[PDB]
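Printed here is data-v1.cif (mmCIF, C-alpha atoms):
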data_structure
#
loop_
_atom_site.group_PDB
_atom_site.id
_atom_site.type_symbol
_atom_site.label_atom_id
_atom_site.label_comp_id
_atom_site.auth_asym_id
_atom_site.auth_seq_id
_atom_site.Cartn_x
_atom_site.Cartn_y
_atom_site.Cartn_z
ATOM 1 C CA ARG J 1 -18.985 -5.512 -24.516
ATOM 2 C CA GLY J 2 -19.390 -8.626 -22.383
ATOM 3 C CA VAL J 3 -16.134 -10.168 -23.628
ATOM 4 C CA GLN J 4 -14.010 -7.558 -21.843
ATOM 5 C CA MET J 5 -16.149 -8.015 -18.716
ATOM 6 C CA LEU J 6 -15.584 -11.781 -18.831
ATOM 7 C CA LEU J 7 -11.855 -11.173 -19.367
ATOM 8 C CA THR J 8 -11.779 -8.869 -16.327
ATOM 9 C CA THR J 9 -13.702 -11.485 -14.316
ATOM 10 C CA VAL J 10 -11.335 -14.335 -15.196
ATOM 11 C CA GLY J 11 -8.367 -12.032 -14.577
ATOM 12 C CA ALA J 12 -9.679 -11.254 -11.095
ATOM 13 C CA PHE J 13 -10.281 -14.983 -10.563
ATOM 14 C CA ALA J 14 -6.726 -15.843 -11.647
ATOM 15 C CA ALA J 15 -5.312 -13.066 -9.452
ATOM 16 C CA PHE J 16 -7.306 -14.394 -6.487
ATOM 17 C CA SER J 17 -6.075 -17.934 -7.200
ATOM 18 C CA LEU J 18 -2.440 -16.816 -7.405
ATOM 19 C CA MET J 19 -2.912 -14.791 -4.207
ATOM 20 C CA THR J 20 -4.296 -17.943 -2.561
ATOM 21 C CA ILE J 21 -1.258 -19.889 -3.803
ATOM 22 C CA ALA J 22 0.984 -17.148 -2.384
ATOM 23 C CA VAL J 23 -0.791 -17.433 0.977
ATOM 24 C CA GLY J 24 -0.454 -21.234 0.852
ATOM 25 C CA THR J 25 3.205 -22.285 0.616
ATOM 26 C CA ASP J 26 6.622 -21.810 -1.031
ATOM 27 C CA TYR J 27 6.678 -18.013 -0.778
ATOM 28 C CA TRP J 28 10.407 -17.734 -0.007
ATOM 29 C CA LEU J 29 13.528 -19.884 0.293
ATOM 30 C CA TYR J 30 16.221 -19.650 2.968
ATOM 31 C CA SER J 31 19.277 -21.822 3.605
ATOM 32 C CA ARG J 32 19.116 -22.709 7.301
ATOM 33 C CA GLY J 33 21.762 -24.345 9.489
ATOM 34 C CA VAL J 34 20.528 -27.043 3.487
ATOM 35 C CA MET J 35 17.797 -24.905 1.944
ATOM 36 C CA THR J 36 14.357 -24.391 3.466
ATOM 37 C CA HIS J 37 11.126 -22.948 2.090
ATOM 38 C CA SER J 38 8.588 -20.767 3.872
ATOM 39 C CA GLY J 39 5.117 -19.450 3.118
ATOM 40 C CA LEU J 40 4.950 -16.610 5.705
ATOM 41 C CA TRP J 41 3.352 -18.967 8.282
ATOM 42 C CA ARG J 42 5.632 -22.006 8.677
ATOM 43 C CA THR J 43 9.009 -23.237 7.439
ATOM 44 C CA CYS J 44 9.840 -26.590 5.839
ATOM 45 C CA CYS J 45 13.390 -27.828 5.333
ATOM 46 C CA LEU J 46 14.649 -29.704 2.279
ATOM 47 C CA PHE J 47 15.093 -33.710 9.592
ATOM 48 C CA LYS J 48 14.309 -33.407 5.886
ATOM 49 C CA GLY J 49 10.530 -33.130 5.602
ATOM 50 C CA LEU J 50 9.684 -31.828 9.075
ATOM 51 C CA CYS J 51 7.584 -28.662 9.153
ATOM 52 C CA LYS J 52 6.989 -26.207 11.987
ATOM 53 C CA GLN J 53 5.699 -22.665 12.490
ATOM 54 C CA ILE J 54 8.915 -20.630 12.409
ATOM 55 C CA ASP J 55 7.118 -17.244 12.377
ATOM 56 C CA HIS J 56 8.336 -16.301 15.848
ATOM 57 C CA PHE J 57 7.924 -12.543 16.290
ATOM 58 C CA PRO J 58 10.205 -12.352 19.391
ATOM 59 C CA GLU J 59 13.696 -13.838 19.442
ATOM 60 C CA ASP J 60 13.284 1.951 18.951
ATOM 61 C CA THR J 61 9.508 1.490 18.941
ATOM 62 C CA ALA J 62 9.478 1.646 15.128
ATOM 63 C CA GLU J 63 11.365 -1.666 15.032
ATOM 64 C CA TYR J 64 8.731 -3.249 17.291
ATOM 65 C CA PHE J 65 5.997 -1.768 15.082
ATOM 66 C CA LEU J 66 7.669 -3.221 11.977
ATOM 67 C CA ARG J 67 7.966 -6.587 13.745
ATOM 68 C CA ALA J 68 4.275 -6.440 14.688
ATOM 69 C CA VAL J 69 3.355 -5.655 11.073
ATOM 70 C CA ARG J 70 5.561 -8.471 9.742
ATOM 71 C CA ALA J 71 4.089 -10.887 12.294
ATOM 72 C CA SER J 72 1.036 -12.953 11.223
ATOM 73 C CA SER J 73 1.005 -11.239 7.750
ATOM 74 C CA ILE J 74 -1.545 -8.576 8.648
ATOM 75 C CA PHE J 75 -1.218 -6.668 5.361
ATOM 76 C CA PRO J 76 -1.510 -9.438 2.656
ATOM 77 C CA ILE J 77 -4.320 -11.356 4.390
ATOM 78 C CA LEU J 78 -6.484 -8.228 4.638
ATOM 79 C CA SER J 79 -5.399 -7.399 1.076
ATOM 80 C CA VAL J 80 -6.669 -10.795 -0.116
ATOM 81 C CA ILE J 81 -9.926 -10.319 1.818
ATOM 82 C CA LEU J 82 -10.325 -6.914 0.148
ATOM 83 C CA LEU J 83 -9.650 -8.550 -3.238
ATOM 84 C CA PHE J 84 -12.351 -11.114 -2.416
ATOM 85 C CA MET J 85 -14.739 -8.279 -1.517
ATOM 86 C CA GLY J 86 -13.935 -6.464 -4.760
ATOM 87 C CA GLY J 87 -14.476 -9.659 -6.733
ATOM 88 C CA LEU J 88 -17.820 -10.196 -5.001
ATOM 89 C CA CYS J 89 -18.750 -6.589 -5.820
ATOM 90 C CA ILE J 90 -17.775 -7.104 -9.471
ATOM 91 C CA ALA J 91 -19.821 -10.320 -9.582
ATOM 92 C CA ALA J 92 -22.816 -8.534 -8.044
ATOM 93 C CA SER J 93 -22.450 -5.646 -10.508
ATOM 94 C CA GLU J 94 -22.039 -7.959 -13.516
ATOM 95 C CA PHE J 95 -25.583 -9.328 -13.154
ATOM 96 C CA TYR J 96 -28.441 -6.777 -13.045
ATOM 97 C CA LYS J 97 -26.334 -3.604 -13.122
ATOM 98 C CA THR J 98 -28.980 -1.197 -11.845
ATOM 99 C CA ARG J 99 -26.719 1.492 -10.361
ATOM 100 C CA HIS J 100 -23.955 2.739 -12.673
ATOM 101 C CA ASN J 101 -21.735 3.952 -9.812
ATOM 102 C CA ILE J 102 -20.892 0.817 -7.795
ATOM 103 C CA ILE J 103 -18.366 -0.300 -10.430
ATOM 104 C CA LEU J 104 -16.226 2.796 -9.797
ATOM 105 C CA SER J 105 -16.136 2.200 -6.035
ATOM 106 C CA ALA J 106 -15.427 -1.501 -6.638
ATOM 107 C CA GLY J 107 -12.533 -0.607 -8.936
ATOM 108 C CA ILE J 108 -11.212 1.956 -6.449
ATOM 109 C CA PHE J 109 -11.329 -0.653 -3.673
ATOM 110 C CA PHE J 110 -9.630 -3.120 -6.041
ATOM 111 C CA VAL J 111 -6.794 -0.674 -6.808
ATOM 112 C CA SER J 112 -6.419 0.128 -3.095
ATOM 113 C CA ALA J 113 -6.285 -3.609 -2.340
ATOM 114 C CA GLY J 114 -3.547 -3.984 -4.950
ATOM 115 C CA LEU J 115 -1.644 -1.093 -3.368
ATOM 116 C CA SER J 116 -2.022 -2.709 0.061
ATOM 117 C CA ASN J 117 -0.768 -6.012 -1.374
ATOM 118 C CA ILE J 118 2.254 -4.176 -2.806
ATOM 119 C CA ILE J 119 2.822 -2.604 0.622
ATOM 120 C CA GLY J 120 2.611 -6.054 2.210
ATOM 121 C CA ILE J 121 5.108 -7.366 -0.343
ATOM 122 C CA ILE J 122 7.400 -4.483 0.638
ATOM 123 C CA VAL J 123 6.988 -5.439 4.318
ATOM 124 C CA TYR J 124 7.702 -9.116 3.585
ATOM 125 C CA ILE J 125 10.795 -8.112 1.615
ATOM 126 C CA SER J 126 11.977 -5.745 4.368
ATOM 127 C CA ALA J 127 11.533 -8.366 7.097
ATOM 128 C CA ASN J 128 13.829 -10.857 5.330
ATOM 129 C CA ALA J 129 16.984 -9.177 6.662
ATOM 130 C CA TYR J 130 19.964 -17.405 -0.191
ATOM 131 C CA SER J 131 17.253 -17.500 -2.860
ATOM 132 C CA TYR J 132 13.538 -16.790 -3.328
ATOM 133 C CA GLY J 133 10.372 -18.831 -3.683
ATOM 134 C CA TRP J 134 8.013 -19.194 -6.616
ATOM 135 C CA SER J 135 4.877 -18.003 -4.807
ATOM 136 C CA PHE J 136 6.464 -14.561 -4.398
ATOM 137 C CA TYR J 137 6.755 -14.380 -8.192
ATOM 138 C CA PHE J 138 3.188 -15.704 -8.430
ATOM 139 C CA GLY J 139 2.026 -12.910 -6.127
ATOM 140 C CA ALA J 140 3.922 -10.380 -8.240
ATOM 141 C CA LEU J 141 2.253 -11.787 -11.364
ATOM 142 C CA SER J 142 -1.130 -11.552 -9.620
ATOM 143 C CA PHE J 143 -0.296 -7.925 -8.794
ATOM 144 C CA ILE J 144 0.456 -7.261 -12.483
ATOM 145 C CA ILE J 145 -2.784 -8.993 -13.547
ATOM 146 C CA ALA J 146 -4.681 -6.999 -10.898
ATOM 147 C CA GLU J 147 -3.202 -3.738 -12.204
ATOM 148 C CA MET J 148 -4.184 -4.660 -15.774
ATOM 149 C CA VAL J 149 -7.657 -5.730 -14.604
ATOM 150 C CA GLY J 150 -8.100 -2.412 -12.808
ATOM 151 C CA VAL J 151 -7.043 -0.578 -15.981
ATOM 152 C CA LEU J 152 -9.538 -2.612 -18.034
ATOM 153 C CA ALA J 153 -12.258 -2.060 -15.416
ATOM 154 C CA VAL J 154 -11.864 1.718 -15.337
ATOM 155 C CA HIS J 155 -11.651 1.703 -19.149
ATOM 156 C CA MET J 156 -14.998 -0.103 -19.336
ATOM 157 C CA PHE J 157 -16.351 2.301 -16.708
ATOM 158 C CA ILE J 158 -15.379 5.399 -18.685
ATOM 159 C CA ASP J 159 -16.776 3.759 -21.834
ATOM 160 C CA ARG J 160 -20.095 3.167 -20.048
ATOM 161 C CA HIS J 161 -19.976 6.731 -18.689
ATOM 162 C CA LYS J 162 -19.398 8.124 -22.189
ATOM 163 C CA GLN J 163 -22.271 5.964 -23.464
ATOM 164 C CA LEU J 164 -24.551 7.278 -20.703
ATOM 165 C CA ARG J 165 -23.489 10.864 -21.443
ATOM 166 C CA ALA J 166 -24.165 10.337 -25.155
ATOM 167 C CA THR J 167 -27.579 8.757 -24.529
ATOM 168 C CA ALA J 168 -28.572 11.374 -21.931
ATOM 169 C CA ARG J 169 -28.156 14.228 -24.427
ATOM 170 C CA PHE G 1 83.045 -22.713 0.579
ATOM 171 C CA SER G 2 83.546 -20.415 -2.390
ATOM 172 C CA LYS G 3 82.070 -16.940 -2.757
ATOM 173 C CA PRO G 4 78.283 -16.797 -3.279
ATOM 174 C CA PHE G 5 77.405 -16.563 -6.961
ATOM 175 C CA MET G 6 73.629 -16.084 -6.610
ATOM 176 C CA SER G 7 72.271 -14.297 -3.557
ATOM 177 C CA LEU G 8 68.690 -14.874 -2.465
ATOM 178 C CA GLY G 9 66.213 -14.089 0.265
ATOM 179 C CA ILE G 10 62.744 -14.801 1.586
ATOM 180 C CA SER G 11 59.747 -13.465 -0.344
ATOM 181 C CA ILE G 12 55.952 -13.727 -0.187
ATOM 182 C CA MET G 13 53.900 -15.945 -2.505
ATOM 183 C CA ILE G 14 50.279 -14.919 -3.059
ATOM 184 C CA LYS G 15 47.412 -16.156 -5.231
ATOM 185 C CA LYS G 16 48.070 -13.415 -7.887
ATOM 186 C CA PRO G 17 44.512 -12.179 -8.587
ATOM 187 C CA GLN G 18 43.629 -11.170 -12.134
ATOM 188 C CA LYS G 19 41.220 -8.586 -13.558
ATOM 189 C CA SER G 20 38.090 -10.655 -12.937
ATOM 190 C CA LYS G 21 35.603 -7.952 -13.888
ATOM 191 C CA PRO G 22 32.373 -9.276 -15.459
ATOM 192 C CA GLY G 23 29.968 -7.311 -17.614
ATOM 193 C CA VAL G 24 26.220 -6.857 -17.098
ATOM 194 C CA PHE G 25 26.403 -8.562 -13.681
ATOM 195 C CA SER G 26 28.658 -5.728 -12.468
ATOM 196 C CA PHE G 27 26.056 -3.108 -13.442
ATOM 197 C CA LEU G 28 23.348 -4.063 -10.930
ATOM 198 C CA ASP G 29 25.934 -4.378 -8.136
ATOM 199 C CA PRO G 30 25.614 -1.313 -5.907
ATOM 200 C CA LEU G 31 21.981 -1.403 -4.718
ATOM 201 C CA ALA G 32 20.701 -5.015 -4.974
ATOM 202 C CA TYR G 33 19.269 -7.465 -7.477
ATOM 203 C CA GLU G 34 15.804 -7.267 -5.873
ATOM 204 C CA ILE G 35 15.105 -3.622 -4.944
ATOM 205 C CA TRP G 36 14.786 -2.816 -8.673
ATOM 206 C CA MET G 37 11.796 -5.155 -9.039
ATOM 207 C CA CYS G 38 10.001 -3.342 -6.212
ATOM 208 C CA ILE G 39 10.932 -0.060 -7.922
ATOM 209 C CA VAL G 40 9.337 -1.245 -11.186
ATOM 210 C CA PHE G 41 6.277 -2.519 -9.280
ATOM 211 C CA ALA G 42 5.824 0.826 -7.513
ATOM 212 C CA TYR G 43 6.369 2.535 -10.887
ATOM 213 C CA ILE G 44 3.571 0.614 -12.577
ATOM 214 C CA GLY G 45 1.393 1.033 -9.478
ATOM 215 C CA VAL G 46 1.791 4.821 -9.540
ATOM 216 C CA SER G 47 1.031 4.733 -13.279
ATOM 217 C CA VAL G 48 -2.163 2.806 -12.429
ATOM 218 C CA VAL G 49 -2.927 5.522 -9.845
ATOM 219 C CA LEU G 50 -2.420 8.256 -12.455
ATOM 220 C CA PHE G 51 -4.543 6.508 -15.093
#
Show this structure as structure tokens.
Amino acid sequence: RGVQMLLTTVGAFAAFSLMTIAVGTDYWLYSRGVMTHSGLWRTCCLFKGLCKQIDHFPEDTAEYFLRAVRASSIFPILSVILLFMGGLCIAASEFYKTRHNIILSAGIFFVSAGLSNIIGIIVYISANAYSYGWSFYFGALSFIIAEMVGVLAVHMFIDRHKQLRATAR
Amino acid sequence: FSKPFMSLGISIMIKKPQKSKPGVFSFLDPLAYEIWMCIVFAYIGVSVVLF
């Protein structure tokens, strides 16, 4: 009962922590004119040690729209804020669960936040056009943990719904 | 001079490439080595949507 809820809570916490680490640094790696890492905000070379914001958006209208989406990381930041809101909703629904319908909306918002994070990962991969960083793999692992946590959350929701349907009859 | 016993000319010397065809690494050639991971991620995401 509560063990699966605690597992879902620590999975959401670990996914939020890995998303924070993906926001932080070392998201990608690019050999400049020597390798250099980047975390979608600034770049740091491997002189060696100097760091600066290399996320310069200038140097069809769909190319300018894609550049505006890739600039400032509009998708994954709002995705992480939506994951924080879903985690706050799950924490508010864990204690004193009066209404048995907020968990479904919280899980739906959590799955939509995961889909938006996958869309932001697709944007960050499309804007790259050599190696990769470890925080990209950490964000992918957080996406996998978020998918499994959403599966476990909707499984607990349909179990609680079946329990309510059995007790209501 | 006597008559030439062995005639010769000018040819071209190249690096003589061999059949350097690897195995599994030649399979994931034609698209990328990174689009497939996004394909698997969208696959498991759509399975999450269906479930």
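With distances restricted to only C-alpha atoms, J:151 is the closest residue to chain G from J:151, J:169, J:156, J:59.
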Output as a tab-separated table one row per residue of chain J within 8 Å of chain G: the closest atom pair and its distance in Å to one decimal place, counting only C-alpha atoms, sorted by chain and residue number ascending.
residue	atom	partner	partner_atom	distance
J:111	CA	G:49	CA	7.9
J:115	CA	G:45	CA	7.1
J:118	CA	G:42	CA	7.7
J:122	CA	G:38	CA	7.4
J:147	CA	G:48	CA	6.6
J:150	CA	G:48	CA	7.9
J:151	CA	G:48	CA	6.9
Could those selected residues go to a file with C-alpha atoms, as a CSV table (one decimal), keeping the file's coordinate frame?
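Output below, filename part19.csv:
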chain,number,residue,atom,x,y,z
J,111,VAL,CA,-6.8,-0.7,-6.8
J,115,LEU,CA,-1.6,-1.1,-3.4
J,118,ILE,CA,2.3,-4.2,-2.8
J,122,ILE,CA,7.4,-4.5,0.6
J,147,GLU,CA,-3.2,-3.7,-12.2
J,150,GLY,CA,-8.1,-2.4,-12.8
J,151,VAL,CA,-7.0,-0.6,-16.0
Range 6-19 of chain G, all listed atoms, 5 Å padding on each side: what axis-aligned box centre and edge lengths in Å to one decimal come out, as lines of an AutoDock Vina configuration file?
center_x = 57.4
center_y = -12.4
center_z = -6.0
size_x = 42.4
size_y = 17.6
size_z = 25.1
Can you tell me, as a CSV table (one decimal) with C-alpha atoms, keeping the file's coordinate frame, what residues are no more than 9 Å from range 65-74 of chain J when counting only C-alpha atoms, ignoring any on the same chain fewer than 6 positions away?
chain,number,residue,atom,x,y,z
J,40,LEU,CA,5.0,-16.6,5.7
J,41,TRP,CA,3.4,-19.0,8.3
J,55,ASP,CA,7.1,-17.2,12.4
J,56,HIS,CA,8.3,-16.3,15.8
J,57,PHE,CA,7.9,-12.5,16.3
J,58,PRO,CA,10.2,-12.4,19.4
J,120,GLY,CA,2.6,-6.1,2.2
J,123,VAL,CA,7.0,-5.4,4.3
J,124,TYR,CA,7.7,-9.1,3.6
J,126,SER,CA,12.0,-5.7,4.4
J,127,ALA,CA,11.5,-8.4,7.1
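Put simply, CA of residue 81 in chain J is 22.6 Å away from CA of residue 53 in chain J.
Here CA of residue 42 in chain J stands at a distance of 28.4 Å from CA of residue 86 in chain J.
When all atoms listed in the file are used to measure the gap to residue 164 in chain J, the shortest distance among J:51, J:137, J:119, J:101 belongs to J:101.
CA of residue 24 in chain J lies 23.7 Å from CA of residue 109 in chain J.
Selection by the PyMOL selection byres ((chain J and resi 89) around 12) on the present file picks out residues 9, 12, 82, 83, 84, 85, 86, 87, 88, 90, 91, 92, 93, 94, 95, 97, 101, 102, 103, 104, 105, 106, 107, 108, 109 and 110 of chain J.
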